[PDB]
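These notes concern the structure reproduced below.
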Amino acid sequence: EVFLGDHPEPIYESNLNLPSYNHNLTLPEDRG
Amino acid sequence: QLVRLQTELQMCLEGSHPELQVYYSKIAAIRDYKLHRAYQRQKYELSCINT
Amino acid sequence: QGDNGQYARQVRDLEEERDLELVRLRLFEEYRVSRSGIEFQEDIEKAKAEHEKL
Amino acid sequence: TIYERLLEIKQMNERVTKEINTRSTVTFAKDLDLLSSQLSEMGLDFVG
């Protein structure tokens with residue numbers, strides 16, 4: 001499976017180098 | 001005393017005499033406090049939905 | 001290699017089913033944010049209005 | 001009878017005081033005002 005292309009290693013959140021996005025959450029501090 | 005009491009009454013029914021201004025800096029704090037609590041609720045909820 | 005007429009016909013279904021997942025995820029997050037906003041708006045209105053009544 | 005009870009309390013004293021003195025508060029519980037302070041409006045908390 002290493003030589004077929006598949007990754008037999010465990011793939012975690014930090015291996016899928018997914019591109020980070022941004023919606024309008026995580027408000028600033030005390031802005032009210 | 002009629003002069004003084006009604007002068008203060010119609011100088012106060014606008015909102016300027018001391019007694020009504022000692023209960024207004026004591027209730028604006030309560031409203032500010034409730035609003036800060038609302039804001040903190042929304043902040044935590046949205047940063048939870050994110051993760 | 002990967003070009004097998006049957007291993008290339010079911011990978012595409014595993015993909016067609018992974019993407020409906022993400023569509024559901026995004027629509028659901030939209031609804032969640034709408035819910036939180038409704039609650040925040042109602043609570044602010046109540047605080048201000050009843051403070052003034054008081 | 002009285003002496004033995006007081007003795008067990010004075011054996012637990014050290015761990016109990018350095019446990020109540022290193023108490024933490026969970027920040028979101030402080031900001032959403034979920035905790036209570038009845039035993040602090042009365043001084044009944046075992047401060048340092």
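By convention here, the chains of the structure tokens are called A, B, ... in the order presented, each chain's residues are numbered starting at 1, and ligands are numbered starting at 1 in the order presented.
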Exercise answer, chain D residues close to chain B, 12 Å and only C-alpha atoms, as a PyMOL selection string: chain D and resi 27-34
Neighbours of chain B in chain A at 9 Å, counting only C-alpha atoms, as an MDAnalysis selection string: chainID A and resid 23 25:32
Spatial neighbours of stretch 19-26 of chain D, 12 Å, only C-alpha atoms, chain gap at least 6 places, as JSON, numbers by chain: {"D": [12, 13, 32, 33, 34, 35, 36, 45, 46, 47, 48]}
Counting only C-alpha atoms, chain C residues within 9 Å of chain B, as a list in words: residues 29, 32, 33, 36, 37, 39, 40, 43, 44, 47, 48 and 51 of chain C
Kindly assemble as JSON lines a list of the chain C residues that lie within 10 Å of chain A, each paired with its nearest atom pair and their distance in Å to one decimal, using only C-alpha atoms, sorted first by chain and then by ascending residue number.
```
{"residue": "C:1", "atom": "CA", "partner": "A:4", "partner_atom": "CA", "distance": 7.5}
{"residue": "C:2", "atom": "CA", "partner": "A:4", "partner_atom": "CA", "distance": 9.1}
{"residue": "C:30", "atom": "CA", "partner": "A:23", "partner_atom": "CA", "distance": 10.0}
{"residue": "C:33", "atom": "CA", "partner": "A:25", "partner_atom": "CA", "distance": 8.6}
```
N, CA, C and O atoms of the current selection, written as a short mmCIF file (atom, residue, chain, number, x, y, z; two decimals), in the first residue's frame:
```
data_model
loop_
_atom_site.label_atom_id
_atom_site.label_comp_id
_atom_site.auth_asym_id
_atom_site.auth_seq_id
_atom_site.Cartn_x
_atom_site.Cartn_y
_atom_site.Cartn_z
N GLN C 1 -3.00 0.05 -10.93
CA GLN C 1 -2.83 1.41 -11.40
C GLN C 1 -3.96 2.34 -10.98
O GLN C 1 -3.70 3.46 -10.56
N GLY C 2 -5.20 1.90 -11.10
CA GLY C 2 -6.35 2.68 -10.71
C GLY C 2 -7.41 2.82 -11.78
O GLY C 2 -8.50 3.33 -11.48
N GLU C 30 -24.93 27.10 8.76
CA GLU C 30 -25.73 28.29 8.50
C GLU C 30 -26.92 28.37 9.45
O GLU C 30 -27.18 29.41 10.06
N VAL C 33 -25.90 29.21 13.08
CA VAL C 33 -25.58 30.62 13.30
C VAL C 33 -26.84 31.47 13.32
O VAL C 33 -26.96 32.40 14.12
#
```
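Distance-wise, atom CA of residue B:4 and atom CA of residue C:53 end up 29.4 Å apart.
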Two-atom distance - atom CA of residue B:8, atom CA of residue B:25 (Å): 19.7 Å
Filtered DSSP result for chain B, state helix (DSSP H, G or I), as a PyMOL selection string: chain B and resi 2-12+28-50
Atom CA of residue A:7 to atom CA of residue C:14, distance in Å rounded to a single decimal: 17.4 Å
